[PDB]
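Undergrad: Take a look at the following structure, please.
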Amino acid sequence: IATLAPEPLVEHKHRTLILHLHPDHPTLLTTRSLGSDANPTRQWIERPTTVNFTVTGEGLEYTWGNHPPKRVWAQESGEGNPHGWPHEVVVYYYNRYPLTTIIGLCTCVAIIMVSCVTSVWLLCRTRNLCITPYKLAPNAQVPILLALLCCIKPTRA
Amino acid sequence: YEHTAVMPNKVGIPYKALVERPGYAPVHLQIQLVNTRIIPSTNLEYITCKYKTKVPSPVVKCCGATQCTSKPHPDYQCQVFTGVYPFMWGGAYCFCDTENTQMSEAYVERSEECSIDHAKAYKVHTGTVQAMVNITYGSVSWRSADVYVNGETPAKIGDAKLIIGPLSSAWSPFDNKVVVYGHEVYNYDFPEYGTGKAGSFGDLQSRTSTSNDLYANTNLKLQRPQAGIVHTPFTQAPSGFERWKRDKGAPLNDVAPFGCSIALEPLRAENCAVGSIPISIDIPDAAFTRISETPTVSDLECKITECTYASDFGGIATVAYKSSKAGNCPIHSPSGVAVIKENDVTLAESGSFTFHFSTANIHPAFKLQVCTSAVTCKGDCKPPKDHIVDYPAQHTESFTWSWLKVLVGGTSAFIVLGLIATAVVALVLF
Amino acid sequence: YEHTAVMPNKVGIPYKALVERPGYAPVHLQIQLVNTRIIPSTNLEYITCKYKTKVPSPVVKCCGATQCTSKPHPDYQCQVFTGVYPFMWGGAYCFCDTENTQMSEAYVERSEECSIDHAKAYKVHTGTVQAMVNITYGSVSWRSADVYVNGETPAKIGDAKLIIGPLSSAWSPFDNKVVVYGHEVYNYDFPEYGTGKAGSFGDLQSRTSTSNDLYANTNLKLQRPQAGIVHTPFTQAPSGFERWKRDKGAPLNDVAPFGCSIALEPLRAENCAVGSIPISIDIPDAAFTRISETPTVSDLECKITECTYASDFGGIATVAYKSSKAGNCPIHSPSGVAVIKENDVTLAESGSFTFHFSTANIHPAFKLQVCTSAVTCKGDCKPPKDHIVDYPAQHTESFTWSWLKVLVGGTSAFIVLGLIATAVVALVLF
């Protein structure tokens, strides 16, 4: 005839178990994040303690003493990506991927800066050109300046 | 029709593939790997347990020496002692006063708990994994058979012949060296038989419980009894089995990776969900229905009605079934995007019947093969609210465009604008 | 003084290293790895053997059919037959002529030889190698103890504590999959339990001898008995245990590499001479002799007298011993060039005593350490004539100059002459 620790208080958060917890005696709690990354935890708990567990997508398990092991689906709770705003609702996609979006966005921020400076050169060089053939003769009667319109001011001709 | 299928290793969920035999009616699978018990190849290297200094009763020669000999008992510590005056029930009894000799001897022996409460080392190799695969097949509706993984083993239990694995995910959660205790299994680098430092784990090291021989490095050091009284100072480290029960490490069923459970039973590591298994079955052709007897369902329509962007089968979709005959129609999404609860749907003459499913992409564009009739059940899904219960049926997460398509096409448009600015300079140039 | 020593894995020859403890007299070793029995980790997967079609006696219903059922016997082949008229001791006995029915049934069963004459598959892992290492140590002169290889195991049998391996040469001559037969061991890719094609090896596949269940793909096909007579045509492949005894492959104790022998015993592979073993011993300090008690031998001289460029200890060399006291003097060549038969030489007051040895280099320039006194026993050796008997004591072959020293120095001299012709052009140039 043997031990048993009082049941936990399960509390939901986004991919996270808050657990206000309150034992009778020192209880060894422990878990197993079921990824091939185990990332287990152990701690004897005698003092009541609200704890936390970063649950992953595939699952975690939970062992309140010799009370049987629990298990938990924590998929999303940050609301995916509905859309009626410009971009502050994309946080939903960030809150589900706060590892790949930080780099995936900075990637998206990077390539536009790539596409910026390449557009700088392949506009300003090509804006420096098409006036060097034109603004060196300086009469230059061609009203097809209307292709750059960043290097400007013809001679009324 | 020997339906080869790569198949994710994950225990508690069916895998309802579809037999696309050219010529007769297709048949659904329902392959639920109910268990993944492993049973690697191992070797009992030595039991350990806490010692018991079961002292043999010392000699007391009253006037002169008694030389001791090194008896072959395990860790037979024996040291002669003089200079006693042993008070035994009548005051002392040996009439000399320095020639009073006392020979203490003590050897190490397995506890009585060693038989029953005992750690247990192992050299652990890989062995061969198993499973009680249920298939509630087709119209067979049942077989719950124990199988193997090695990719030529059939198991003709039921009517179907099925070949499994070998799996690609060779992570034995057991390490090479393992200690085992009752049920808590420790992937511990036990030192070895024959060596274990006293106090450290394996101070006692018996091959098995029966084995009278052992290795007892306990640092058992006898000291002389005090002030002319009969007793046996045995100065000794309490066992490395005493510790290892309260300064130990945590168990592999509480620290393993990739999702395993454990037993002191054939030394399996159950339900290790990792990787895929190339599974292939030879169905009984009798179980097939010929193609000309199931209703042809084409000229249909499918649409979600309340898609739940989730794990539990919250996704639903009516299907405007357009049948020819009336009867059953096995179903499956050959795309892994959608996992469906219903293997089979009954059909009247061109009715409509919703099924349940689950997905992972906001816009589930998954085909649905209603007994040789494909259809896209395109739509959009909703996130849930209530995520704290056991494991999913979805298991299909992948890459899941509202600011990417014309965004990056627009990103490209800047650099696409380049070489149509450049080389048009070549034209203005000529 | 814990004398670490890398050490070649080779069975039948001592390895007389030398303990160079600073402070007391050195002591020789004599480490003869008398055995290298291996005992890998394994698993009994299934016994096989030749079947016996132990036919149950057929039914004969005289007028009308007798439907058969698929009894659970292994490979329970049963087929109803009609159209008989079975002559049984009185002519026929069933009075009908076509309604005479005959139900033949036959199942496969382990032979009586299956218990005793039976192949035996295994999934073979690596396990842990062993040895009955004799050391006729020092002046101890004896210990013949069984040891391990794992590099923390001692074996305090005798007085010395010795730690062996782990060896670097992990070639398990056993393959992963092995078949075993009586004594001839076959590193065969046995198909598996549960699968073996009829006629091929493992047509019968029983887990063990006791196991009533098995897998019998024998292609057992009953045919109808002829012309109204009682008998049971069983058409069957003679076993893949029948073949595999006369169209087999050769045994691993006749085809292995790197020098092994085999037993149907703990499944060892004895005496596998390959690679080296990092061996280390803790001698009993009591066995040491202090340095001030052995004669100091310096101011000596050594020379070969008839060096035999060979395996057997044909090399000899007198030594002009120049002692201080008189007594024993352990000897060894710290260079592996020379292997010496004598561990120890007795000495009077500065006498001379030849020893025996063997070398592999024409000019053996090996040091000889006569109990803390080094000496080069330089010389020259002679090839023998008579080379057909068991294995050597030399085991020291390496690179072994009469047209190389001034040759290549002369070869260089041409190209050395270059840059003293060139850059002297620079001087003539300035």
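Simple scheme: letters A, B, ... for chains in structure tokens order, numbers from 1 for residues in each chain, numbers from 1 for ligands in the order shown.
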Any idea what's packed within 7 Å of residue 39 in chain B, counting only C-alpha atoms, ignoring anything in its chain fewer than 3 positions away? Could you give it as an NGL selection string?

TA: :B and (127-129 or 266-269)

Undergrad: Keeping only N, CA, C and O atoms, write the selected residues as an mmCIF file, in the first residue's frame.

TA:
data_model
loop_
_atom_site.group_PDB
_atom_site.id
_atom_site.type_symbol
_atom_site.label_atom_id
_atom_site.label_comp_id
_atom_site.auth_asym_id
_atom_site.auth_seq_id
_atom_site.Cartn_x
_atom_site.Cartn_y
_atom_site.Cartn_z
ATOM 1 N N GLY B 127 19.896 -5.686 -31.547
ATOM 2 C CA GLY B 127 18.757 -6.594 -31.678
ATOM 3 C C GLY B 127 17.743 -6.181 -32.736
ATOM 4 O O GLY B 127 18.083 -5.602 -33.773
ATOM 5 N N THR B 128 16.466 -6.474 -32.462
ATOM 6 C CA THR B 128 15.437 -6.534 -33.500
ATOM 7 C C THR B 128 14.084 -6.131 -32.934
ATOM 8 O O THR B 128 13.592 -6.794 -32.021
ATOM 9 N N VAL B 129 13.438 -5.117 -33.535
ATOM 10 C CA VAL B 129 12.247 -4.511 -32.947
ATOM 11 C C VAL B 129 10.979 -5.213 -33.439
ATOM 12 O O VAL B 129 10.960 -5.848 -34.495
ATOM 13 N N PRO B 266 11.222 -8.512 -21.316
ATOM 14 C CA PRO B 266 12.326 -8.767 -22.263
ATOM 15 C C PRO B 266 13.311 -7.630 -22.583
ATOM 16 O O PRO B 266 14.086 -7.788 -23.528
ATOM 17 N N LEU B 267 13.269 -6.491 -21.874
ATOM 18 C CA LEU B 267 14.197 -5.368 -21.984
ATOM 19 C C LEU B 267 13.874 -4.597 -23.236
ATOM 20 O O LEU B 267 14.755 -4.072 -23.924
ATOM 21 N N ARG B 268 12.589 -4.514 -23.505
ATOM 22 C CA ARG B 268 12.121 -3.741 -24.616
ATOM 23 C C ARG B 268 12.148 -2.269 -24.270
ATOM 24 O O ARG B 268 12.275 -1.875 -23.109
ATOM 25 N N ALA B 269 12.034 -1.457 -25.310
ATOM 26 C CA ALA B 269 11.839 -0.025 -25.173
ATOM 27 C C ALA B 269 10.647 0.323 -26.053
ATOM 28 O O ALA B 269 10.800 0.595 -27.245
#

Undergrad: Would you mind listing what lies within 9 Å of range 300-306 of chain C as number ranges by chain, with only C-alpha atoms counted and same-chain residues fewer than 4 positions away left out?

TA: C: 314-323, 350, 354, 368, 373, 375-382

Undergrad: Using only C-alpha atoms for the distances, tell me which of C:34, C:339, C:84, C:103 is nearest to residue 232 in chain C.

TA: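 With only C-alpha atoms as the atom set, the closest residue is C:103.
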
Undergrad: Give the residues of chain B that lie within 8 Å of chain A; count only C-alpha atoms, and format the answer as an mmCIF file with N, CA, C and O atoms, in the first residue's frame.

TA:
data_model
loop_
_atom_site.group_PDB
_atom_site.id
_atom_site.type_symbol
_atom_site.label_atom_id
_atom_site.label_comp_id
_atom_site.auth_asym_id
_atom_site.auth_seq_id
_atom_site.Cartn_x
_atom_site.Cartn_y
_atom_site.Cartn_z
ATOM 1 N N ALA B 250 18.575 9.723 -13.297
ATOM 2 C CA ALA B 250 17.171 9.526 -13.599
ATOM 3 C C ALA B 250 16.985 8.421 -14.628
ATOM 4 O O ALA B 250 17.918 8.078 -15.359
ATOM 5 N N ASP B 254 12.378 8.204 -18.230
ATOM 6 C CA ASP B 254 12.158 9.591 -17.885
ATOM 7 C C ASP B 254 13.200 10.531 -18.479
ATOM 8 O O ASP B 254 13.087 11.742 -18.263
ATOM 9 N N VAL B 255 14.208 10.029 -19.203
ATOM 10 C CA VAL B 255 15.192 10.908 -19.839
ATOM 11 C C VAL B 255 15.524 10.523 -21.275
ATOM 12 O O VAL B 255 16.351 11.183 -21.910
ATOM 13 N N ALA B 256 14.922 9.458 -21.797
ATOM 14 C CA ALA B 256 15.260 9.044 -23.148
ATOM 15 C C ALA B 256 14.883 10.117 -24.160
ATOM 16 O O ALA B 256 14.053 10.980 -23.877
ATOM 17 N N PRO B 257 15.458 10.062 -25.359
ATOM 18 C CA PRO B 257 14.873 10.794 -26.487
ATOM 19 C C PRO B 257 13.883 9.993 -27.314
ATOM 20 O O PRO B 257 13.634 8.811 -27.066
ATOM 21 N N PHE B 258 13.312 10.681 -28.303
ATOM 22 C CA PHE B 258 12.435 10.172 -29.358
ATOM 23 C C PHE B 258 11.385 9.168 -28.892
ATOM 24 O O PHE B 258 10.976 8.278 -29.641
ATOM 25 N N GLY B 259 10.906 9.352 -27.674
ATOM 26 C CA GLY B 259 9.633 8.822 -27.239
ATOM 27 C C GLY B 259 9.437 7.352 -26.958
ATOM 28 O O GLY B 259 8.664 6.692 -27.651
ATOM 29 N N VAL B 274 9.962 7.203 -33.978
ATOM 30 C CA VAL B 274 10.985 7.936 -34.706
ATOM 31 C C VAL B 274 11.193 7.337 -36.087
ATOM 32 O O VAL B 274 11.328 6.120 -36.242
ATOM 33 N N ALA B 310 -6.132 21.434 -37.144
ATOM 34 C CA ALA B 310 -5.888 20.813 -35.850
ATOM 35 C C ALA B 310 -5.482 19.345 -35.973
ATOM 36 O O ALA B 310 -5.237 18.827 -37.066
ATOM 37 N N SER B 311 -5.438 18.678 -34.813
ATOM 38 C CA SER B 311 -4.937 17.331 -34.612
ATOM 39 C C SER B 311 -6.067 16.323 -34.546
ATOM 40 O O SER B 311 -6.116 15.377 -35.336
ATOM 41 N N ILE B 362 -3.184 25.674 -43.852
ATOM 42 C CA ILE B 362 -4.333 26.564 -43.739
ATOM 43 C C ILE B 362 -5.277 26.352 -44.908
ATOM 44 O O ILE B 362 -6.500 26.401 -44.752
ATOM 45 N N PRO B 383 -8.166 27.603 -36.401
ATOM 46 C CA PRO B 383 -7.399 27.089 -35.260
ATOM 47 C C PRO B 383 -8.283 26.796 -34.058
ATOM 48 O O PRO B 383 -9.253 27.523 -33.808
ATOM 49 N N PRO B 384 -7.975 25.736 -33.275
ATOM 50 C CA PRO B 384 -8.686 25.506 -32.007
ATOM 51 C C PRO B 384 -8.162 26.256 -30.797
ATOM 52 O O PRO B 384 -7.334 27.165 -30.905
ATOM 53 N N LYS B 385 -8.657 25.836 -29.625
ATOM 54 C CA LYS B 385 -8.509 26.568 -28.380
ATOM 55 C C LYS B 385 -8.008 25.748 -27.185
ATOM 56 O O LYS B 385 -7.635 26.359 -26.179
ATOM 57 N N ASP B 386 -7.959 24.414 -27.261
ATOM 58 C CA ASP B 386 -8.132 23.543 -26.087
ATOM 59 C C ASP B 386 -7.081 22.423 -26.013
ATOM 60 O O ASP B 386 -7.407 21.239 -25.912
ATOM 61 N N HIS B 387 -5.801 22.788 -26.057
ATOM 62 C CA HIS B 387 -4.705 21.856 -26.376
ATOM 63 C C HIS B 387 -3.939 21.311 -25.164
ATOM 64 O O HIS B 387 -2.762 21.633 -24.978
ATOM 65 N N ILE B 388 -4.587 20.483 -24.330
ATOM 66 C CA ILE B 388 -3.828 19.719 -23.331
ATOM 67 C C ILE B 388 -4.328 18.282 -23.115
ATOM 68 O O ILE B 388 -4.777 17.941 -22.021
ATOM 69 N N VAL B 389 -4.110 17.371 -24.066
ATOM 70 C CA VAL B 389 -4.564 15.972 -23.936
ATOM 71 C C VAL B 389 -3.571 15.243 -24.825
ATOM 72 O O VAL B 389 -2.810 15.937 -25.476
ATOM 73 N N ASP B 390 -3.613 13.897 -24.951
ATOM 74 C CA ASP B 390 -2.539 13.010 -25.440
ATOM 75 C C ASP B 390 -2.166 13.295 -26.898
ATOM 76 O O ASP B 390 -1.974 14.451 -27.194
ATOM 77 N N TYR B 391 -1.797 12.333 -27.747
ATOM 78 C CA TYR B 391 -1.076 12.684 -28.983
ATOM 79 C C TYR B 391 -1.934 12.639 -30.241
ATOM 80 O O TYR B 391 -3.006 12.028 -30.260
ATOM 81 N N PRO B 392 -1.486 13.299 -31.319
ATOM 82 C CA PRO B 392 -2.394 13.647 -32.413
ATOM 83 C C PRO B 392 -2.621 12.523 -33.416
ATOM 84 O O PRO B 392 -1.995 11.463 -33.378
ATOM 85 N N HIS B 395 -0.056 14.471 -37.563
ATOM 86 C CA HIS B 395 1.315 14.012 -37.783
ATOM 87 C C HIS B 395 1.809 14.239 -39.203
ATOM 88 O O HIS B 395 2.495 13.387 -39.778
ATOM 89 N N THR B 411 9.773 41.081 -55.386
ATOM 90 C CA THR B 411 11.194 41.157 -55.064
ATOM 91 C C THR B 411 12.024 40.886 -56.303
ATOM 92 O O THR B 411 12.980 41.608 -56.605
ATOM 93 N N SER B 412 11.672 39.825 -57.024
ATOM 94 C CA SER B 412 12.353 39.524 -58.273
ATOM 95 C C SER B 412 12.172 40.660 -59.263
ATOM 96 O O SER B 412 13.115 41.036 -59.963
ATOM 97 N N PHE B 414 12.205 43.731 -59.076
ATOM 98 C CA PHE B 414 13.258 44.735 -58.994
ATOM 99 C C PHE B 414 14.495 44.287 -59.760
ATOM 100 O O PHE B 414 15.061 45.047 -60.552
ATOM 101 N N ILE B 415 14.937 43.053 -59.522
ATOM 102 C CA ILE B 415 16.123 42.542 -60.200
ATOM 103 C C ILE B 415 15.789 42.013 -61.589
ATOM 104 O O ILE B 415 16.684 41.926 -62.437
ATOM 105 N N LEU B 417 13.731 43.810 -63.324
ATOM 106 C CA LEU B 417 13.787 45.122 -63.959
ATOM 107 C C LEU B 417 15.206 45.504 -64.350
ATOM 108 O O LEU B 417 15.388 46.364 -65.218
ATOM 109 N N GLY B 418 16.213 44.887 -63.739
ATOM 110 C CA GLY B 418 17.594 45.215 -64.018
ATOM 111 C C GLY B 418 18.006 44.888 -65.435
ATOM 112 O O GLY B 418 18.308 45.787 -66.224
ATOM 113 N N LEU B 419 18.003 43.600 -65.780
ATOM 114 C CA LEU B 419 18.454 43.176 -67.101
ATOM 115 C C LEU B 419 17.478 43.525 -68.216
ATOM 116 O O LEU B 419 17.708 43.100 -69.354
ATOM 117 N N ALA B 421 16.506 46.903 -67.921
ATOM 118 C CA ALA B 421 17.160 48.196 -68.016
ATOM 119 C C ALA B 421 18.539 48.038 -68.639
ATOM 120 O O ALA B 421 18.848 48.669 -69.652
ATOM 121 N N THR B 422 19.364 47.180 -68.050
ATOM 122 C CA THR B 422 20.591 46.767 -68.702
ATOM 123 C C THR B 422 20.244 45.904 -69.907
ATOM 124 O O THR B 422 19.246 45.184 -69.912
ATOM 125 N N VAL B 425 20.104 49.540 -72.338
ATOM 126 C CA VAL B 425 21.215 50.455 -72.551
ATOM 127 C C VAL B 425 21.981 50.033 -73.791
ATOM 128 O O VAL B 425 22.389 50.870 -74.596
ATOM 129 N N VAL B 428 19.906 51.450 -76.655
ATOM 130 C CA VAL B 428 20.145 52.887 -76.731
ATOM 131 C C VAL B 428 21.580 53.134 -77.160
ATOM 132 O O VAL B 428 21.863 54.001 -77.998
ATOM 133 N N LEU B 429 22.504 52.379 -76.580
ATOM 134 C CA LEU B 429 23.855 52.313 -77.107
ATOM 135 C C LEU B 429 23.838 51.896 -78.570
ATOM 136 O O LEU B 429 24.403 52.590 -79.420
#

Undergrad: Kindly assemble as a Markdown table a list of the chain B residues that lie within 6 Å of chain C, each paired with its nearest atom pair and their distance in Å to one decimal, using only C-alpha atoms, sorted first by chain and then by ascending residue number.

TA:
| residue | atom | partner | partner_atom | distance |
| --- | --- | --- | --- | --- |
| B:153 | CA | C:195 | CA | 5.7 |
| B:194 | CA | C:153 | CA | 5.8 |
| B:195 | CA | C:153 | CA | 5.7 |

Undergrad: Please save C-alpha atoms of the selected residues as a PDB file, in the first residue's frame.

TA:
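This went into out_26.pdb:
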ATOM      1  CA  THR B 153       9.780 -11.470 -42.303  1.00  0.00           C
ATOM      2  CA  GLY B 194      35.725  -7.280 -11.453  1.00  0.00           C
ATOM      3  CA  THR B 195      36.758  -3.637 -10.955  1.00  0.00           C
TER       4      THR B 195
END

Undergrad: Write out as number ranges by chain the residues lying within 9 Å of range 137-142 of chain A, counting only C-alpha atoms and excluding same-chain residues fewer than 3 positions away.

TA: A: 132-134, 145, 154-157

Undergrad: Given the selection you just returned, output its residues as a file containing C-alpha atoms, formatted as a PDB file, in the first residue's frame.

TA:
ATOM      1  CA  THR A 132      25.699  59.836 -70.653  1.00  0.00           C
ATOM      2  CA  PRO A 133      24.693  59.043 -74.259  1.00  0.00           C
ATOM      3  CA  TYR A 134      22.152  61.888 -74.014  1.00  0.00           C
ATOM      4  CA  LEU A 145      13.568  60.645 -71.403  1.00  0.00           C
ATOM      5  CA  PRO A 154      15.701  67.922 -70.957  1.00  0.00           C
ATOM      6  CA  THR A 155      16.606  71.064 -72.929  1.00  0.00           C
ATOM      7  CA  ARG A 156      13.100  71.667 -74.354  1.00  0.00           C
ATOM      8  CA  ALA A 157      14.151  69.225 -77.065  1.00  0.00           C
TER       9      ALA A 157
END

Undergrad: Contacts of residue 122 in chain C at 9 Å or less, counting only C-alpha atoms, minus same-chain residues fewer than 2 places along, as a PDB file with N, CA, C and O atoms, in the first residue's frame?

TA:
ATOM      1  N   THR C  42      25.078 -12.697 -29.222  1.00  0.00           N
ATOM      2  CA  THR C  42      24.336 -13.425 -30.231  1.00  0.00           C
ATOM      3  C   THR C  42      22.894 -13.605 -29.788  1.00  0.00           C
ATOM      4  O   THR C  42      22.503 -13.231 -28.679  1.00  0.00           O
ATOM      5  N   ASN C  43      22.103 -14.208 -30.674  1.00  0.00           N
ATOM      6  CA  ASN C  43      20.708 -14.511 -30.402  1.00  0.00           C
ATOM      7  C   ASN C  43      20.313 -15.738 -31.196  1.00  0.00           C
ATOM      8  O   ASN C  43      20.498 -15.770 -32.414  1.00  0.00           O
ATOM      9  N   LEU C  44      19.754 -16.728 -30.521  1.00  0.00           N
ATOM     10  CA  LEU C  44      19.191 -17.870 -31.220  1.00  0.00           C
ATOM     11  C   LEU C  44      17.922 -17.425 -31.923  1.00  0.00           C
ATOM     12  O   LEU C  44      16.920 -17.123 -31.274  1.00  0.00           O
ATOM     13  N   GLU C  45      17.964 -17.395 -33.248  1.00  0.00           N
ATOM     14  CA  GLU C  45      16.860 -16.879 -34.039  1.00  0.00           C
ATOM     15  C   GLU C  45      15.895 -17.977 -34.432  1.00  0.00           C
ATOM     16  O   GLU C  45      14.681 -17.820 -34.293  1.00  0.00           O
ATOM     17  N   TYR C  46      16.420 -19.069 -34.965  1.00  0.00           N
ATOM     18  CA  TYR C  46      15.605 -20.238 -35.223  1.00  0.00           C
ATOM     19  C   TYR C  46      16.521 -21.401 -35.519  1.00  0.00           C
ATOM     20  O   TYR C  46      17.509 -21.253 -36.240  1.00  0.00           O
ATOM     21  N   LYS C 120      21.547 -23.923 -37.240  1.00  0.00           N
ATOM     22  CA  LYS C 120      21.176 -23.006 -36.175  1.00  0.00           C
ATOM     23  C   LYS C 120      21.605 -21.610 -36.584  1.00  0.00           C
ATOM     24  O   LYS C 120      22.804 -21.335 -36.690  1.00  0.00           O
ATOM     25  N   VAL C 124      24.358 -12.027 -34.909  1.00  0.00           N
ATOM     26  CA  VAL C 124      25.603 -11.996 -34.156  1.00  0.00           C
ATOM     27  C   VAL C 124      26.078 -10.560 -34.049  1.00  0.00           C
ATOM     28  O   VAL C 124      26.330  -9.897 -35.062  1.00  0.00           O
ATOM     29  N   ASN C 176      27.408 -10.603 -39.367  1.00  0.00           N
ATOM     30  CA  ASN C 176      26.209 -10.297 -38.600  1.00  0.00           C
ATOM     31  C   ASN C 176      25.308 -11.516 -38.505  1.00  0.00           C
ATOM     32  O   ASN C 176      24.895 -11.918 -37.413  1.00  0.00           O
ATOM     33  N   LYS C 177      25.008 -12.121 -39.646  1.00  0.00           N
ATOM     34  CA  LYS C 177      24.155 -13.296 -39.722  1.00  0.00           C
ATOM     35  C   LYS C 177      25.019 -14.530 -39.874  1.00  0.00           C
ATOM     36  O   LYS C 177      25.949 -14.550 -40.690  1.00  0.00           O
ATOM     37  N   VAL C 178      24.722 -15.549 -39.080  1.00  0.00           N
ATOM     38  CA  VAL C 178      25.517 -16.763 -39.027  1.00  0.00           C
ATOM     39  C   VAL C 178      24.581 -17.947 -38.935  1.00  0.00           C
ATOM     40  O   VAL C 178      23.566 -17.893 -38.236  1.00  0.00           O
ATOM     41  N   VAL C 179      24.939 -19.018 -39.624  1.00  0.00           N
ATOM     42  CA  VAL C 179      24.351 -20.329 -39.410  1.00  0.00           C
ATOM     43  C   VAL C 179      25.417 -21.197 -38.774  1.00  0.00           C
ATOM     44  O   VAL C 179      26.618 -21.023 -39.007  1.00  0.00           O
ATOM     45  N   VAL C 180      24.961 -22.141 -37.965  1.00  0.00           N
ATOM     46  CA  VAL C 180      25.829 -22.984 -37.164  1.00  0.00           C
ATOM     47  C   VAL C 180      25.328 -24.409 -37.267  1.00  0.00           C
ATOM     48  O   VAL C 180      24.118 -24.652 -37.244  1.00  0.00           O
ATOM     49  N   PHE C 190      21.401 -16.232 -43.673  1.00  0.00           N
ATOM     50  CA  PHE C 190      20.182 -17.011 -43.584  1.00  0.00           C
ATOM     51  C   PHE C 190      19.001 -16.091 -43.855  1.00  0.00           C
ATOM     52  O   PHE C 190      19.044 -14.920 -43.462  1.00  0.00           O
TER      53      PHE C 190
END

Undergrad: I'd like the interatomic distance between CA of residue 357 in chain C and CA of residue 21 in chain C, to a tenth of an Å.

TA: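 If I compute the distance from CA of residue 357 in chain C to CA of residue 21 in chain C, I get 24.6 Å.
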
Undergrad: Taking only C-alpha atoms into account, name the residue in B:2, B:299, B:184, B:293 that is nearest to residue 261 in chain B.

TA: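 Between B:2, B:299, B:184, B:293, the residue approaching residue 261 in chain B most closely is B:184.
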
Undergrad: In Å, with one decimal, what is the gap from CA of residue 52 in chain B to CA of residue 227 in chain B?

TA: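 According to the coordinates, CA of residue 52 in chain B and CA of residue 227 in chain B are separated by 26.0 Å.
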
Undergrad: Would you list, as a list in words, the residues of range 252-331 of chain C that end up in helix (DSSP H, G or I) under DSSP run on this structure's backbone?

TA: residues 252, 253, 254, 255, 285, 286, 287, 291, 292 and 293 of chain C

Undergrad: When you look at residue 107 in chain B with a cut-off of 7 Å (counting only C-alpha atoms), what residues show up, excluding the ones that are within fewer than 6 positions of it in the same chain? I need them as number ranges by chain.

TA: B: 53-55, 73-77

Undergrad: If you keep N, CA, C and O atoms, can you produce a file of those selected residues as a short mmCIF file (atom, residue, chain, number, x, y, z; two decimals), in the first residue's frame?

TA:
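The new file selection07.cif reads:
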data_model
loop_
_atom_site.label_atom_id
_atom_site.label_comp_id
_atom_site.auth_asym_id
_atom_site.auth_seq_id
_atom_site.Cartn_x
_atom_site.Cartn_y
_atom_site.Cartn_z
N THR B 53 28.27 -7.67 5.29
CA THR B 53 29.48 -8.09 5.99
C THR B 53 29.08 -9.16 7.00
O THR B 53 28.99 -8.93 8.20
N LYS B 54 28.82 -10.36 6.48
CA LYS B 54 28.39 -11.48 7.31
C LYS B 54 29.63 -12.07 7.95
O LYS B 54 30.20 -13.07 7.50
N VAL B 55 30.04 -11.42 9.03
CA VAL B 55 31.27 -11.70 9.76
C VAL B 55 31.28 -13.15 10.25
O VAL B 55 30.36 -13.54 10.98
N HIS B 73 37.18 -16.68 0.47
CA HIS B 73 35.90 -16.00 0.44
C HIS B 73 36.05 -14.67 -0.30
O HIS B 73 37.14 -14.11 -0.36
N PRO B 74 34.97 -14.15 -0.90
CA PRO B 74 35.09 -12.87 -1.61
C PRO B 74 35.45 -11.74 -0.67
O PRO B 74 34.74 -11.46 0.30
N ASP B 75 36.56 -11.08 -0.97
CA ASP B 75 37.08 -9.99 -0.16
C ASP B 75 37.29 -10.45 1.27
O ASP B 75 36.87 -9.80 2.24
N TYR B 76 37.95 -11.59 1.41
CA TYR B 76 38.15 -12.17 2.72
C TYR B 76 39.16 -11.34 3.48
O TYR B 76 40.37 -11.57 3.39
N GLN B 77 38.67 -10.37 4.23
CA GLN B 77 39.52 -9.55 5.06
C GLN B 77 39.68 -10.23 6.41
O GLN B 77 38.70 -10.56 7.08
#

Undergrad: If we count only C-alpha atoms and set the cut-off at 9 Å, which residues sit around residue 26 in chain C, ignoring sequence neighbours fewer than 3 positions away in its own chain? Please answer as a list in words.

TA: residues 18, 19, 20, 21, 22, 23, 288, 289, 290, 291, 329, 330, 371 and 372 of chain C
